[PDB]
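Same chain, two forms, each on its own as structure tokens: structure 1, then structure 2.
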Structure 1
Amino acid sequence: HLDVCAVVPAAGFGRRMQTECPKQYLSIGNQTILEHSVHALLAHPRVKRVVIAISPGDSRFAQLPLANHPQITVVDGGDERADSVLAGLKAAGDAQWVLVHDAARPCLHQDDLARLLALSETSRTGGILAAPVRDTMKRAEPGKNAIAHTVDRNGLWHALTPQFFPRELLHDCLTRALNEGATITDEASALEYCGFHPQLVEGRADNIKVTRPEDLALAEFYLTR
């Protein structure tokens, strides 16, 4: 019952990084962002497998140690993140629960990961790591850079990953959301579309996603310095 399979969508190109090299293959130390991410998942004993979805043609993955790891399986991802997650879910085996984690979030801590996994003993829907909103938030007027009003930040959260859900429920919700042309952001949004309400497990705010050039040095700082 405690066996978990992780799915890491890593089929993007990181166009917002300026590098011709996909960001997940940029390094911090001498390990790639993808490796930092994958190894944080493999550190928890319950993670028995990790399925990494890569772009077809991606010739870099094969040159990493992950390519020959007994607990790692690679599959081709798709056009959008949701497509890549589905492809990963297809190779997840018989795992009852799945952990979906962005290849671009290398700063994941073990304590957050462990608290997220505890959801399988107390939830039938699952949940996500999330950080509470700290800044005062403003909603802009439609099409203009003028403030319409302040958005109550009480009960407002930044969605992070991993996101942990029963495997087949996630597969079904992503499948339905996509087929009905729903607007999908993260895995939780697919459950949301189908009427579910995933749990919010508070996590560290330094669990950042490397998206822009400056993020590389910040991620490096968070890992240590």
Structure 2
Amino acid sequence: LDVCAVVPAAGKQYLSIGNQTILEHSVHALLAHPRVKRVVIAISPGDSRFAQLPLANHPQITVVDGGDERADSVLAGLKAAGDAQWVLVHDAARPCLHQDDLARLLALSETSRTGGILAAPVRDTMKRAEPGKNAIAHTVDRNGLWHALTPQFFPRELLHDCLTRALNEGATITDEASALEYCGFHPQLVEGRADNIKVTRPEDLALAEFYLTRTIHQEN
């Protein structure tokens, strides 16, 4: 049941919450589960900041050069995934990952042949804008609509082949699930907490910090 994690970190991840970078909170969230034996971080050539983090001397961390696109970084991480049968792909900028959700995602390997992702149901109103304009086209129906979160958990070889194939066919890949979907698979949706935010807007840092503080508080 060894698992290897891959973090596509090639470029917010170096912003800090408390006295750890967001990348470090994300990485340590992964290491909470004992089955996660290694974390491969894909970093961009020339990125010198990584080497300065204490995480850079962690015996369970592997560092490799990623590419310009997500799928390329992930493929680069997978070459260093050793003999792990299952791989976890997790966003560098998702520091609020909860151990309970990780644990429940990792159960997919006992029974799943495809794997699956953490996800959050859409529960508030969403709009689709007119193309080219900041005006509303229509309101989206939330029934069966999910936010794709990370981690995304898949058999190693299958992920590998689907991503290689999607890229080789010019497929339009965003997340890892999209590569499986393109090769005809239907990954499972594992409901996770909606506060597993990707820090992408400047105000998201304070939001992430609010969510971690509230959670620490609640646990008691």
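All residue numbers here refer to structure 1's sequence, counted from 1. Only residues modelled in both forms are compared. C-alpha atoms forming the largest set that superposes within 1.5 Å between two forms make up the rigid core.
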Original post:
So which one of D152, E121, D94, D79 actually moves, Cα shift of 2 Å or more between structure 1 and structure 2 once the core is superposed?
Top reply: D152
Original post:
Any chance the CA of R134 moves 2 angstroms or more between structure 1 and structure 2, core superposed?
Top reply: no
Subject >> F61 CA shift between structure 1 and structure 2 in angstrom, with the core used for superposition >> reply: 0.7
Subject >> Following rigid core superposition, Cα shift of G143 between structure 1 and structure 2 in Å >> reply: 4.7
**OP:** Using the rigid core as the frame, report the C-alpha movement of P70 between structure 1 and structure 2, one decimal, in Å.
**Re:** 1.0
**OP:** Provide the ranges, sorted by sequence, of consecutive runs with at least 3 residues in which each Cα shifts 2 Å or more between structure 1 and structure 2, based on a superposition on the core.
**Re:** 135-152
